[PDB]
Amino acid sequence: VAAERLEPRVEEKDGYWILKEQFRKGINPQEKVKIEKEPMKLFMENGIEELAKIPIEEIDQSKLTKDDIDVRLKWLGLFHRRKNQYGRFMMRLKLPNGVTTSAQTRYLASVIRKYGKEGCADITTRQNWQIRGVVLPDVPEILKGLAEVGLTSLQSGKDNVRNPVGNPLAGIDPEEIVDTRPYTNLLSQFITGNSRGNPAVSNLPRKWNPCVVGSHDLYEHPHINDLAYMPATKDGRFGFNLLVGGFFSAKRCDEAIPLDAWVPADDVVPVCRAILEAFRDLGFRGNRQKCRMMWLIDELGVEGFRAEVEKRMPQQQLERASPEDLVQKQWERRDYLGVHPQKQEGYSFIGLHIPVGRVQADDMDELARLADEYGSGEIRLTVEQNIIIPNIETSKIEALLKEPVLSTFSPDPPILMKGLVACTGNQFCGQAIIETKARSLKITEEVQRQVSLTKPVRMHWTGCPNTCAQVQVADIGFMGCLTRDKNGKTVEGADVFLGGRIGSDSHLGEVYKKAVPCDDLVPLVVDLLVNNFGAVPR
Ligand code: SRM
Ligand code: SF4
Ligand SMILES: [Cl-]
Ligand SMILES: [Cl-]
Ligand SMILES: [K+]
Numbered sequence: 043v044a045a046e047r048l049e050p051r052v053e054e055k056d057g058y059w060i061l062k063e064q065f066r067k068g069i070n071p072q073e074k075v076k077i078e079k080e081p082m083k084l085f086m087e088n089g090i091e092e093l094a095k096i097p098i099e100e101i102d103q104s105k106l107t108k109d110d111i112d113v114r115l116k117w118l119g120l121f122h123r124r125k126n127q128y129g130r131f132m133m134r135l136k137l138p139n140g141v142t143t144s145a146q147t148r149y150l151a152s153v154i155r156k157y158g159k160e161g162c163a164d165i166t167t168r169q170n171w172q173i174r175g176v177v178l179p180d181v182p183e184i185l186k187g188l189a190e191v192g193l194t195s196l197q198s199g200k201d202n203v204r205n206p207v208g209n210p211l212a213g214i215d216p217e218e219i220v221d222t223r224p225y226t227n228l229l230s231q232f233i234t235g236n237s238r239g240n241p242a243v244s245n246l247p248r249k250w251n252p253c254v255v256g257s258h259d260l261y262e263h264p265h266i267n268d269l270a271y272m273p274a275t276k277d278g279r280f281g282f283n284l285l286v287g288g289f290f291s292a293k294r295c296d297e298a299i300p301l302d303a304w305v306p307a308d309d310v311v312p313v314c315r316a317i318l319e320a321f322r323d324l325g326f327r328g329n330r331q332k333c334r335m336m337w338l339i340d341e342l343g344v345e346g347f348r349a350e351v352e353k354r355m356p357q358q359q360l361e362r363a364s365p366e367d368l369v370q371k372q373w374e375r376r377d378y379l380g381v382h383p384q385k386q387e388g389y390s391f392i393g394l395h396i397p398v399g400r401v402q403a404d405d406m407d408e409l410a411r412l413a414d415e416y417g418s419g420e421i422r423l424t425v426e427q428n429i430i431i432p433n434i435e436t437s438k439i440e441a442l443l444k445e446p447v448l449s450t451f452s453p454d455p456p457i458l459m460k461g462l463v464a465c466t467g468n469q470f471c472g473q474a475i476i477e478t479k480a481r482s483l484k485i486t487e488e489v490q491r492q493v494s495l496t497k498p499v500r501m502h503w504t505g506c507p508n509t510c511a512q513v514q515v516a517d518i519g520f521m522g523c524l525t526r527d528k529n530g531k532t533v534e535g536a537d538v539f540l541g542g543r544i545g546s547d548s549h550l551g552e553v554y555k556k557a558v559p560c561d562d563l564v565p566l567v568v569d570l571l572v573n574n575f576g577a578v579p580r
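Per full-length UniProt numbering, the very first residue in the sequence shown carries number 43; after that it's consecutive.
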């Protein structure tokens, strides 16, 4: 690689970071959008206040404003549902480590409640909240209300650092390696500039996923993150080995690889900044399918990329990885659903199944009430789109198990439901080829009616090749497609994936059978479970 390739391609101008004029040739249309107007100005210069006053019909009449609502607003966590819910916006938070409070939960419920049939909420595969139904004129007031309850929505979509994922059992697990909350909190604060906005990291060539590992279970899926912090001692000090470049896309899926770098715990933020600066400065900004960080790592090689991170460190040093990390390879991933003792004697947590991650305002209020009455007002989200309520005195569990809402959000659903993960799908998402959430529940119910099993089989349903519900990690994965019935009629279908493994012995699954009509999946899945996962016909 020529030394010229290493010239930073962006420059700080008037508080924002912009592509230098010599590096603007051949860019994709998303880069053109960012050049035409800095997305962070919608928040940091209160551009949203004026935008929110313009009728959508008018907004749509010029490129600048249309790009504001369709692209730039994703820097404020607002996602126009142009195709499937025109003029309404999904809103996505920063929720490091999946931790929420009852007050935050009631606040979000109050927002969606206003929108009636256009409103609901969802837990995401990055243990995050999304709310739905938002109209533009309400945005200024929602931004205020979020701030008031201690939340931010900043930089949660498009070319930004996505939700910092941690251990759902952080601080409460007798077997934890290190509490991930301080680190995921610190990263989120760094990314969002303490909720004011951080333009130093908001003009990336592409999205970028971080996680901090604290569990032997690897609940955090470090193998599929752009940056994963693996806890490891080095020379008697606590810190993290660094894995880089994990990603999924329609074109390519790749597991994270070692940077061959270790940092002390206190250097979590400095090294996040260094990697992000390297990516921002040097990343390719052409074909959007070749813009994720791994593509830069392949072009420079890992050592060339590592050198780029090193020079952006303070003291310009980056220690080599420690030979062993703290994660035990001998580990059976633990079920967190149900009632489990905390490390704090006299206390339990409860994992509740949230069917396909979907909740209404009334459900949110009920979960908030349980957290206040039984817990400490805390609710934790998981990447399987479930919840954990921690800090329940164990003597209250008997009363808790009789709560009527636990029949809907169960601490002990059937085993196939425990592992079921499903993306938004075509109810709201404009990229979706099929309906996912309702369909996956129905198929799973019908499959479980036919077979009993003891293995915790994990089934993931995703509505298009963007694979937001990560079908490549599943025991059985279903990727939406259109296909044909026996009469050649168009029907919704799934490509069926097998071979995904999670935890330390991770592996990416691959298509096993293409184009299965969704109405034919039950018998296929019944047979797969009997033949490959030890299921027994009822
Ligand atoms: C909500 C969520 C799925 C879910 O039901 O849980 C989701 C939903 C969306 N994804 Fe995603 N992604 C979700 C996690 C993922 C992950 C999983 C993960 O992070 O571990 C992936 C694959 C992993 C990865 O990115 O490396 C992911 C891969 C994508 C892709 C393809 C990325 C690429 O390199 O090509 C896109 C399209 C894009 O970015 O260009 C996409 C685009 C989108 C959009 C914003 C598309 C569009 O605007 O409609 C979806 C919004 C639909 C909606 O209304 O909810 N989303 N998306 C997840 C929100 C996570 C969060 O809180 O931040
Ligand atoms: S996988 Fe496709 S359908 Fe599902 S939320 Fe992501 S972009 Fe939408
Ligand atoms: Cl996006
Ligand atoms: Cl759309
Ligand atoms: K779930």
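Note that beta-carbon positions come from the ideal geometry of N, C-alpha and C, so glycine has one too.
Between the Cα of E408 and those of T147, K79, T107, spot the shortest distance and give me the residue it belongs to. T147
Let me confirm a value: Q370 is counted as buried when at least 16 other C-beta atoms fall within 10 Å, else exposed. Which label applies? exposed
Give, in chain order, every unbroken run of the alpha helix (DSSP H) that is at least 4 residues long and sits entirely within the UniProt domain "Nitrite/sulphite reductase 4Fe-4S" (200-358). 223-234, 310-324, 335-353
Classification of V255 by the beta-carbon crowding that lies within 10 angstroms, buried from 16 upward: buried
For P300 and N267, I'd like the C-alpha separation in whole angstroms. 12 Å
Quick one: is the Cβ of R248 within less than 7 Å of any heavy atom of ligand 4? no
Can you tell me the Cα-Cα spacing of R47 and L137, whole angstroms? 36 Å
Here's a check: name, in chain order, each residue in its chain whose Cβ is nearer than 7 Å to the Cβ of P507, leaving out the five neighbours to either side. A292, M521
Using only the heavy atoms of ligand 3, determine whether one of them is closer than 7 Å to the beta carbon of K125. no
Is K116 near ligand 3, with its Cβ less than 7 Å from a heavy atom? yes
Taking the DSSP output, what are the residues bridged to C510? In the DSSP output, where bridge partners are listed per residue, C510 has none listed.
Shell residues, 5 Å Cβ cut-off relative to heavy atoms of ligand 7: By its list of ligands, the structure shown excludes ligand 7, since it contains just ligand 1, ligand 2, ligand 3, ligand 4 and ligand 5.
For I69, which three-state DSSP category applies? coil
Let me check understanding here. Comparing Cα to Cα, which of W373, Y378, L115 lies closest to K83? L115
So who's on the other strand from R148, going by DSSP bridges? Looking at the DSSP assignment, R148 forms no beta bridge with any residue, so it has no partner.
Looking at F321 and ligand 1, is the gap between the Cβ and the nearest heavy atom below 7 Å? no
8 Å contact criterion, which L318 and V203 should meet: CB distance rounded: 7 Å
Please name the residue, chosen from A577, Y378, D562, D56, that lies closest to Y261 on a Cα-to-Cα basis. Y378
Checking the sheet assignment: what are the DSSP bridge partners for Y58? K55
Distance, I544 Cα to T143 Cα: 29 Å
Mark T532 as exposed unless 16 or more other C-beta atoms lie within 10 angstroms of its C-beta, in which case mark it buried. exposed
Using only the alpha-carbon positions, how far apart do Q231 and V572 sit? 47 Å
For ligand 3, is there a heavy atom less than 7 Å away from the beta-carbon of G199? yes
Just curious, the beta strand (DSSP E) that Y128 is in, first and last residue? Per DSSP, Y128 belongs to no beta strand (DSSP E) and is neither H nor E.
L423 - DSSP class collapsed to helix/strand/coil: strand
Unbroken stretches of the beta strand (DSSP E), 3 residues or longer, contained in the UniProt domain "Nitrite/sulphite reductase 4Fe-4S" (462-569): 501-504, 518-526, 532-540, 552-559
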